[PDB]
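Undergrad: The following block contains the structure, expressed as structure tokens.
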Amino acid sequence: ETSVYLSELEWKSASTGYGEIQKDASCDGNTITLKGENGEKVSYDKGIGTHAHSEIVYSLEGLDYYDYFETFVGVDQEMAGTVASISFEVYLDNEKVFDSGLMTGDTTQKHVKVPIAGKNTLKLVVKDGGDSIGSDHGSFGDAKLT
Ligand SMILES: [Ca+2]
């Protein structure tokens with residue numbers, strides 16, 4: 001495969017603040033949507049939908065073929081207009097490689113492209129923005145190894 005969506009992979013472990021970690025859907029089971037730079041929604045066919053506090057861990061064993069982990073991140077726009085407040089962190093082995101800082105409902109999505117050469121484990125974290133988990137629907141749009 002020229003690219004492998006995370007939603008094709010099985011995780012080593014996964015926690016979430018609500019429900020199921022959803023493959024190719026938001027945590028509420030909708031098409032994943034994030035806030036675009038034009039103010040409008042951007043919809044994603046593939047991705048991972050979860051809820052703060054969430055930690056999802058993937059082994060990269062047998063996936064050393066790929067150069068980058070790539071995803072868009074943001075508050076899932078099913079929660080536009082709410083108190084949603086989260087941050088995204090990405091780890092490769094035991095170091096943080098991406099940190100969005102605080103993102104609320106109207107915060108434009110961010111793109112992640114981090115190199116995975118020589119790494120064995122990819123960990124995705126969605127934190128609760130320092131308040132509560134209320135409305136903390138965080139989605140990884142187009143999340144993939146490529
Ligand atoms: Ca929050």
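Chains: A, B, ... in order of the structure tokens. Residues: from 1 per chain. Ligands: from 1, in order shown.
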Please return, as a PyMOL selection string, all residues of range 29-138 of chain A that DSSP assigns to strand (DSSP E) on the basis of the backbone.
TA: chain A and resi 32-35+41-44+47-51+54-59+68-75+85-92+95-99+103-104+110-115+121-127+137-138
Undergrad: Go ahead and write the residues just picked, C-alpha atoms, as a compact mmCIF listing (two decimals), in the first residue's frame.
TA:
# COMPACT_ATOMS: atom_id res chain seq x y z
CA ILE A 32 -15.30 13.63 10.28
CA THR A 33 -15.25 17.44 9.84
CA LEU A 34 -12.71 20.03 10.88
CA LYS A 35 -12.56 23.82 10.69
CA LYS A 41 -16.02 22.81 7.36
CA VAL A 42 -13.54 20.42 5.75
CA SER A 43 -14.90 16.87 5.53
CA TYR A 44 -12.73 13.72 5.68
CA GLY A 47 -9.62 9.29 9.92
CA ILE A 48 -9.90 8.53 13.61
CA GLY A 49 -12.61 10.14 15.81
CA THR A 50 -12.06 10.23 19.55
CA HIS A 51 -12.77 12.22 22.70
CA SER A 54 -7.69 9.89 24.66
CA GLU A 55 -4.43 7.98 24.12
CA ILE A 56 -4.13 5.71 21.11
CA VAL A 57 -0.96 3.69 20.54
CA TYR A 58 0.07 2.03 17.26
CA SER A 59 2.98 -0.30 16.65
CA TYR A 68 5.78 10.17 7.50
CA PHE A 69 2.75 10.14 9.68
CA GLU A 70 0.32 12.73 8.29
CA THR A 71 -3.01 13.94 9.61
CA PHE A 72 -5.14 17.03 10.08
CA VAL A 73 -6.30 17.68 13.66
CA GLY A 74 -8.96 19.78 15.27
CA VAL A 75 -12.21 19.96 17.18
CA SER A 85 -11.40 22.75 24.09
CA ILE A 86 -8.64 20.29 23.44
CA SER A 87 -5.04 19.81 22.43
CA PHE A 88 -3.41 17.19 20.25
CA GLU A 89 -0.02 15.65 20.96
CA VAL A 90 1.74 13.07 18.83
CA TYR A 91 4.63 10.94 20.13
CA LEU A 92 7.12 8.82 18.21
CA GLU A 95 9.28 11.83 22.56
CA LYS A 96 6.65 14.37 21.64
CA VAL A 97 6.82 15.31 17.98
CA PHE A 98 3.67 17.45 17.60
CA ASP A 99 1.70 19.68 19.94
CA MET A 103 -7.86 24.36 20.04
CA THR A 104 -11.46 25.40 20.48
CA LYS A 110 -3.73 22.00 11.86
CA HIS A 111 -1.69 19.70 9.63
CA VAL A 112 0.76 17.21 11.08
CA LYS A 113 3.62 15.69 9.01
CA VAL A 114 6.22 14.03 11.20
CA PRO A 115 9.01 11.67 10.15
CA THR A 121 5.61 3.29 18.20
CA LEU A 122 3.20 6.11 17.26
CA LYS A 123 1.07 7.57 20.06
CA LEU A 124 -1.83 9.97 19.58
CA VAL A 125 -3.07 12.01 22.53
CA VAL A 126 -6.11 14.25 22.82
CA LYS A 127 -6.07 16.30 26.04
CA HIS A 137 -14.58 15.65 20.31
CA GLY A 138 -11.18 15.50 18.59
Undergrad: Between chain A and ligand 1, at 8 Å or less, what are the per-residue closest atom pairs and their distances in Å? Count only C-alpha atoms and all ligand atoms, order by chain and rising residue number, and return it as a tab-separated table.
TA:
residue	atom	partner	partner_atom_place_in_ligand_line	distance
A:52	CA	ligand 1	1 (Ca)	7.4
A:83	CA	ligand 1	1 (Ca)	6.9
A:84	CA	ligand 1	1 (Ca)	5.3
A:85	CA	ligand 1	1 (Ca)	3.8
A:86	CA	ligand 1	1 (Ca)	5.1
A:127	CA	ligand 1	1 (Ca)	7.6
A:128	CA	ligand 1	1 (Ca)	4.0
A:129	CA	ligand 1	1 (Ca)	4.5
A:130	CA	ligand 1	1 (Ca)	6.2
A:131	CA	ligand 1	1 (Ca)	5.0
A:132	CA	ligand 1	1 (Ca)	4.6
A:133	CA	ligand 1	1 (Ca)	4.5
A:134	CA	ligand 1	1 (Ca)	5.6
A:135	CA	ligand 1	1 (Ca)	6.7
A:136	CA	ligand 1	1 (Ca)	5.2
Undergrad: So, counting only C-alpha atoms, which residue among A:13, A:120, A:7, A:82 is closest to residue 25 in chain A?
TA: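 Looking at the shortest contact to residue 25 in chain A, the residue is A:7.
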Undergrad: For each of A:61, A:10, A:93, A:78, take the minimum atom-to-atom distance to residue 28 in chain A, counting only C-alpha atoms, then give the residue where this is smallest.
TA: A:78
Undergrad: Considering only C-alpha atoms, state which residue in the set A:23, A:64, A:11, A:37 is at the smallest distance from residue 117 in chain A.
TA: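 Checking each candidate against residue 117 in chain A, we get A:64 as the closest.
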Undergrad: Grab the CA of residue 94 in chain A to CA of residue 5 in chain A distance for me, in Å with one decimal place.
TA: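 Between CA of residue 94 in chain A and CA of residue 5 in chain A the gap works out to 22.2 Å.
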Undergrad: Nearest to residue 80 in chain A: which of A:108, A:100, A:15, A:22 is it, counting only C-alpha atoms?
TA: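 For residue 80 in chain A, the nearest of the candidates is A:108.
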Undergrad: Let me make sure I understand: among A:77, A:53, A:143, A:39, which one has the smallest atom-to-atom distance to residue 8 in chain A if we use only C-alpha atoms?
TA: A:143
Undergrad: Name the closest residue to residue 141 in chain A among the candidates A:31, A:107, A:3, A:16; distances are taken between atoms, counting only C-alpha atoms.
TA: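 Going through A:31, A:107, A:3, A:16 one by one, the smallest distance to residue 141 in chain A is for A:31.
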Undergrad: Among chain A, which residues does DSSP mark as helix (DSSP H, G or I) when it is run on the backbone? Keep the chain and numbering as in the structure and answer as a PyMOL selection string.
TA: chain A and resi 6-8+77-79
Undergrad: How many Å separate CA of residue 79 in chain A from CA of residue 18 in chain A?
TA: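 These two atoms are separated by 14.0 Å.
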Undergrad: Could you tell me how far CA of residue 119 in chain A lies from CA of residue 145 in chain A, in Å and to one decimal?
TA: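 Going from CA of residue 119 in chain A over to CA of residue 145 in chain A covers 12.5 Å.
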